[PDB]
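S.K.: Just passing along the structure, written as structure tokens.
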Number of protein chains: 2
Amino acid sequence: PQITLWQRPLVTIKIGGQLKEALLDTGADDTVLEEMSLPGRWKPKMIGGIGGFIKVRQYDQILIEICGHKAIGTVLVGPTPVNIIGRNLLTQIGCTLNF
Amino acid sequence: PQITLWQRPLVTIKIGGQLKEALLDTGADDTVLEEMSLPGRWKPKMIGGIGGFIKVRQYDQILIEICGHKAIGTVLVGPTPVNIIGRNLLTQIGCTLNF
Ligand SMILES: CC(C)[C@H](NC(=O)[C@H](OCc1ccccc1)[C@H](O)[C@@H](O)[C@@H](OCc1ccccc1)C(=O)N[C@H](C(=O)NCc1ccccn1)C(C)C)C(=O)NCc1ccccn1
């Protein structure tokens, strides 16, 4: 679909059989989700944002459905204010910026 | 144009007679630029994201040129490590997310 930006570009995503709201963020290299349980082993990663850096848990090859489009990739879990869908998954669903 | 997200969507902007590189950021409510001098009176503001909050200076009615398109809006100036063009200005140039 086509999403304007007068409001936050929030979409519904499905992960671990649960529905959550997440922000489509072209300014994020990675996808960062709020604290939750995911399968498998995780690796450590440090990511930087506007306020500085935070420590997150990296899970690989995670299945996530964004607005009905299935994607399988890396997801970071940590103290983020909101769920963020980054470029790593936006490219998987063919998302582009237009103007 | 149509911008893909394989790489960070960086563009050239013009503000106060200066050419700067900025990130088209759909995950940003506001536009935040690295420390610089702007005309007029400003108001202090606290903005947050990944990592926490930072104190910035808020300037209103600022003219910015983005890839040729002129836009007017509020611009925040502060210790951000990267220049960010947020939704307040992305809307003015007719920017949308598509997939
Ligand atoms: C791991 C990624 C998260 C990271 N990218 C960013 O931090 C982007 O910023 C560019 C950026 C990149 C590096 C350093 C600083 C800035 C984001 O899009 C950012 O803009 C946005 O974050 C998502 C978000 C949305 C809503 C609430 C909280 C958080 C955010 O902080 N939005 C704020 C916002 O809208 N806040 C609203 C709010 C809601 C609730 C509570 C408080 N505030 C704005 C005021 C900035 C990244 O790619 N680092 C690699 C990287 C890239 C380049 C250089 C170095 N590393």
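By convention here, the chains of the structure tokens are called A, B, ... in the order presented, each chain's residues are numbered starting at 1, and ligands are numbered starting at 1 in the order presented.
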Which residues are near ligand 1 - at most 6 Å, using only C-alpha atoms and all ligand atoms? Format: as a ChimeraX atom specification.
M.R.: /A:25,27-30,47-50,81-82 /B:25,27-30,47-50,80-82
S.K.: Identify, on the basis of only C-alpha atoms, every residue whose closest approach to residue B:51 does not exceed 6 Å; exclude the query and any residue fewer than 4 positions from it along the same chain; express the result as a list in words.
M.R.: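 Residues meeting the cut-off are residues 49, 51, 52, 53 and 54 of chain A.
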S.K.: Please write the residues from the selection above to a file, keeping C-alpha atoms, as a compact mmCIF listing (two decimals), in the first residue's frame.
M.R.:
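Done, and the output landed in selection05.txt:
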```txt
# COMPACT_ATOMS: atom_id res chain seq x y z
CA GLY A 49 20.40 5.94 18.50
CA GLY A 51 20.28 9.29 22.87
CA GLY A 52 23.37 7.10 22.74
CA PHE A 53 23.97 3.36 22.70
CA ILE A 54 22.12 0.43 24.23
```
S.K.: Give me, as a PDB file with C-alpha atoms, in the first residue's frame, the contact residues of chain B against chain A at a cut-off of 12 Å, counting only C-alpha atoms.
M.R.:
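Produced file selection_27.pdb, reproduced below:
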```pdb
ATOM      1  CA  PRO B   1      12.318   9.988  -7.313  1.00  0.00           C
ATOM      2  CA  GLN B   2      12.013   6.472  -5.909  1.00  0.00           C
ATOM      3  CA  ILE B   3      14.530   5.610  -3.210  1.00  0.00           C
ATOM      4  CA  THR B   4      15.387   2.002  -2.388  1.00  0.00           C
ATOM      5  CA  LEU B   5      16.498   1.020   1.088  1.00  0.00           C
ATOM      6  CA  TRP B   6      19.485  -1.234   0.380  1.00  0.00           C
ATOM      7  CA  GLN B   7      21.555   1.667   1.750  1.00  0.00           C
ATOM      8  CA  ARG B   8      20.770   4.514   4.151  1.00  0.00           C
ATOM      9  CA  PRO B   9      18.545   7.047   2.339  1.00  0.00           C
ATOM     10  CA  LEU B  10      20.924  10.010   2.579  1.00  0.00           C
ATOM     11  CA  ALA B  22      20.748  14.217   5.939  1.00  0.00           C
ATOM     12  CA  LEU B  23      18.819  11.010   6.510  1.00  0.00           C
ATOM     13  CA  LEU B  24      15.206  10.676   5.302  1.00  0.00           C
ATOM     14  CA  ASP B  25      13.864   9.266   8.564  1.00  0.00           C
ATOM     15  CA  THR B  26      10.274   7.978   8.742  1.00  0.00           C
ATOM     16  CA  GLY B  27      10.850   6.899  12.332  1.00  0.00           C
ATOM     17  CA  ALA B  28      11.489  10.489  13.438  1.00  0.00           C
ATOM     18  CA  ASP B  29       8.631  12.760  14.549  1.00  0.00           C
ATOM     19  CA  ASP B  30      10.901  15.797  14.345  1.00  0.00           C
ATOM     20  CA  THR B  31      13.799  17.023  12.233  1.00  0.00           C
ATOM     21  CA  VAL B  32      17.086  17.190  14.120  1.00  0.00           C
ATOM     22  CA  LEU B  33      20.295  18.745  12.844  1.00  0.00           C
ATOM     23  CA  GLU B  34      23.816  18.766  14.274  1.00  0.00           C
ATOM     24  CA  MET B  46      14.020  17.374  25.205  1.00  0.00           C
ATOM     25  CA  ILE B  47      13.669  14.669  22.568  1.00  0.00           C
ATOM     26  CA  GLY B  48      14.182  10.961  22.964  1.00  0.00           C
ATOM     27  CA  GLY B  49      14.824   7.856  20.954  1.00  0.00           C
ATOM     28  CA  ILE B  50      17.129   4.875  21.195  1.00  0.00           C
ATOM     29  CA  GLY B  51      19.572   5.552  24.006  1.00  0.00           C
ATOM     30  CA  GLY B  52      17.493   8.095  25.847  1.00  0.00           C
ATOM     31  CA  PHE B  53      16.968  11.836  25.632  1.00  0.00           C
ATOM     32  CA  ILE B  54      19.027  14.790  24.461  1.00  0.00           C
ATOM     33  CA  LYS B  55      18.471  18.526  24.920  1.00  0.00           C
ATOM     34  CA  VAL B  56      18.055  20.508  21.693  1.00  0.00           C
ATOM     35  CA  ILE B  66      15.376  18.862   0.176  1.00  0.00           C
ATOM     36  CA  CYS B  67      16.501  17.463  -3.180  1.00  0.00           C
ATOM     37  CA  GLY B  68      15.200  20.648  -4.769  1.00  0.00           C
ATOM     38  CA  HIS B  69      11.851  20.744  -2.956  1.00  0.00           C
ATOM     39  CA  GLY B  78      21.532  19.634  19.066  1.00  0.00           C
ATOM     40  CA  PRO B  79      24.065  16.828  19.738  1.00  0.00           C
ATOM     41  CA  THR B  80      22.722  14.348  17.184  1.00  0.00           C
ATOM     42  CA  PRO B  81      25.393  12.230  15.459  1.00  0.00           C
ATOM     43  CA  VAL B  82      23.539  12.382  12.138  1.00  0.00           C
ATOM     44  CA  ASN B  83      21.291  14.940  10.442  1.00  0.00           C
ATOM     45  CA  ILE B  84      17.693  13.764  10.457  1.00  0.00           C
ATOM     46  CA  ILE B  85      14.805  14.877   8.242  1.00  0.00           C
ATOM     47  CA  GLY B  86      11.695  13.836  10.142  1.00  0.00           C
ATOM     48  CA  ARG B  87       8.010  13.502   9.341  1.00  0.00           C
ATOM     49  CA  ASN B  88       7.246  17.184   9.900  1.00  0.00           C
ATOM     50  CA  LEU B  89       9.206  17.985   6.736  1.00  0.00           C
ATOM     51  CA  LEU B  90       8.848  14.689   4.828  1.00  0.00           C
ATOM     52  CA  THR B  91       5.118  15.377   4.515  1.00  0.00           C
ATOM     53  CA  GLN B  92       5.734  18.795   2.951  1.00  0.00           C
ATOM     54  CA  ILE B  93       7.681  17.302   0.040  1.00  0.00           C
ATOM     55  CA  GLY B  94       5.056  14.620  -0.587  1.00  0.00           C
ATOM     56  CA  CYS B  95       7.153  11.719   0.654  1.00  0.00           C
ATOM     57  CA  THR B  96       5.418   8.357   1.097  1.00  0.00           C
ATOM     58  CA  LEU B  97       6.299   4.752   2.004  1.00  0.00           C
ATOM     59  CA  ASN B  98       5.289   2.211  -0.660  1.00  0.00           C
ATOM     60  CA  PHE B  99       5.220  -1.584  -0.939  1.00  0.00           C
TER      61      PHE B  99
END
```
